[PDB]
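Trainee: I am attaching a structure below and will ask some questions about it afterwards.
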Amino acid sequence: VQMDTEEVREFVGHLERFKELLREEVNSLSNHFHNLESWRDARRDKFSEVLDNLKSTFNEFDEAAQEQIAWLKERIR
C-alpha cells in the first residue's frame, strides 16, 4: 500500500475535530459580539466586518476540508 492509513485516519479525525471546534467557537464569538448592546460606533462596524471576513474564510476552509476528508477516506480504500 503507499499511503499509511493509520496516520491518515488520525489526521482525518483531527481535521474533523478542528473544523467542528472552530465553527462552534466563531459562532460563539459572533453571537457574543452581535449581542453587545452598548458598543455601536464606526469601530464596532469596522470589527463586525473583520469578523465577517473571518467567518467567510472559515467556511471556505470548512468546504475545502470536507472535500479533502472525503478523498482521503476513499483512498483509505
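In this text, residue positions in the sequence shown follow the deposited numbering: the first is 4, and each later residue adds one.
Where a beta carbon is used, it is the ideal one built from N, C-alpha and C, also for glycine.
Work out the CA separation of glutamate 19 and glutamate 52 for me, nearest whole Å.
Mentor: If you take the alpha carbons of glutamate 52 and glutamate 19, they lie about 27 Å apart.
Trainee: Give me, in chain order, the residues of the same chain whose beta-carbon lies closer than 8 Å to that of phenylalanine 36; leave out the 5 immediate sequence neighbours on both sides.
Mentor: For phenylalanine 36, where only same-chain residues beyond five positions count, the Cβ hits under 8 Å are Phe50, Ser51, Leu54.
Trainee: I'd like to know if the region 64-77 and the region 15-31 are in contact, where contact means that at least 3 CB-CB pairs between them fall below 8 Å.
Mentor: With the cut-off at 8 Å, the region 64-77 and the region 15-31 touch.
Trainee: Just confirm the distance between the C-beta atoms of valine 29 and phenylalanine 61, as a whole number of angstroms; I'd bet it's less than 8 Å.
Mentor: With a Cβ gap of about 6 Å, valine 29 and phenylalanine 61 count as contacting.
Trainee: Would the beta-carbon of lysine 76 be found less than 6 Å away from any heavy atom of the ligand FMN?
Mentor: Among the ligands in the structure shown, none appear at all, so the ligand FMN cannot be discussed.
Trainee: In chain order, what residues of the same chain have a beta carbon less than 8 Å from the beta carbon of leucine 57, not counting five sequence neighbours either side?
Mentor: So the list reads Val29, once near-sequence residues are dropped.
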